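Here you get one chain, nothing else, as C-alpha cells; it is the form deposited in one PDB entry.
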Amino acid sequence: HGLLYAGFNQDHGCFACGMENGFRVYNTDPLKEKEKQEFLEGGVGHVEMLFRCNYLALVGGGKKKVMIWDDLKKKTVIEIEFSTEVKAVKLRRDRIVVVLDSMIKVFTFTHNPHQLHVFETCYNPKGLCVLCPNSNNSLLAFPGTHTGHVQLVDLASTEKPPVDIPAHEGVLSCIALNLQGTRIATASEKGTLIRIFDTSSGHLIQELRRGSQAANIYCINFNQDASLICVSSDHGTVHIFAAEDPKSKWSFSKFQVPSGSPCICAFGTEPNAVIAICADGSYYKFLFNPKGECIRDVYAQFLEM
C-alpha cells in the first residue's frame, strides 16, 4: 500500500498522503490526483497543508525533523529539527505549530523560524492539536495537562488567560475545530459521548451519543455552517449527527466503508455528502437524504490513480 498518513487540509477540499517514497496531494471532491512528489527518501509520516498554496509541512521517517517544502521550487525551504519525536505539525500564514509528545511550540514562518510560545500538554502520542487558519482567528487548541481537559489559546492576544474546558474525564482521543473557528468538538477514549463547546466561552453547546459499546474515535469534522458533524470510529464506521438541535442525541445516519478499514471523515462539495479516506487506500463518498438514508455511493482506490 505504502500509505503512512492521510489528512485533510483546513477547508477539507484537499487531502494529502504521506508515503514511503514521498507524498501525494489529492482533491477531496471530486477525487483527483493533484501532485505526487516521489524521490523524497525517508518516509513521510505527516503532511500538513496551508490551503491550496505551495508550502507543505513534512515530517520525515525519523520523526525528529520538520521540513517545509516549496512545491513550486521543488525543494525544502525550512528545516526545524527536534531532539524528541514530532507527532504533528499545524500551519498558518504567520505561524508554524509543532506538536511534540509533551509540549506545543509555536514558531514563525520565516527562513529561520523564531520560537514564539511554548505550551504544555499531557502525554499526547496521537498529536492532538487544532489551529484555526482564518485570518480573523488565530486560535490554538491542545490537550491540557488535566486528563480530559482542553486548553484554548489565542495565538494573537496571548496575554489573555487560556480557557480550560473540562471536556471529558478520561484521556482525549480526538479534537476538531469548525471552519469558522468558533466551535470545538471533543471525544474521550471511551468514544461513547461527543461534546461540542464554544471556543470563545467554554460551555457545552451540545452533547451527542454514537453508541453504547466503547469504541476508539478516529476523526471528527464539522460542515461549513457547523450544523452537521461526522465522526469516524473503528472498522470504518462513520456516524453523521446534527449539531444545532438539542432534540437530537443520536446520529441520523451511519454507514461503513466497504473494506471496513478505519478512515477519516469530512463533508464534501454537495451539502449532503460525506467523504471517507481509509487507511487501505480506499476513497468512499456517501450521499444521504434528510432522513439519513443512502442515495448515491461512490467507491474508488485513490492510490491507483
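By rigid core we mean the largest C-alpha set that fits within 1.5 Å across both forms. We number the residues from 1 along the sequence you see. Residues that one form lacks are left out of the comparison.
Notably, residue 260 is an intermittent gap: at least a third of the other compared entries of this protein, restricted to those modelling both its neighbours, have no coordinates for it. Judged by mean Cα B factor in the deposited record, 189-197 ranks above the other of 189-197 and 84-92. If you average the C-alpha B-factors over 47-55 and over 243-251, the higher value belongs to 243-251.
Comparing C-alpha B-factors across 205, 176, 230, 97 in the deposited entry, the largest value falls on 205.
Within the listed group 42, 30, 258, 262, the record reports its top CA B-factor for 42. Sort the modelled residues of the chain by CA B factor and residue 141 lands in the lowest third. In the PDB entry, a CA B factor belonging to the middle third of its chain's modelled residues is recorded for residue 71. Residue 20: CA B factor lies in the highest third for its chain, per the PDB record. In the deposited entry, the Cα temperature factor of residue 269 places it in the middle third of its chain's modelled residues. Looking at the C-alpha B-factors along this chain, the one for residue 305 belongs to the highest third.
As for the form deposited in another entry, it is not shown, yet the points below apply to it.
Core-superposed comparison between the shown form and the other one: the C-alpha position of residue 52 differs by no less than 2 Å.
In the other entry, the CA atoms of residue 296 and residue 218 draw together by 3 angstroms or more relative to this form. Look at residue 282 and residue 295: in the other entry their Cα atoms come 3 Å or more closer than in this form. Once the rigid core is aligned, the segments that move between the shown form and the other one, defined as three or more consecutive common residues whose C-alpha shifts all reach 2 Å, run 51-54, 290-297.
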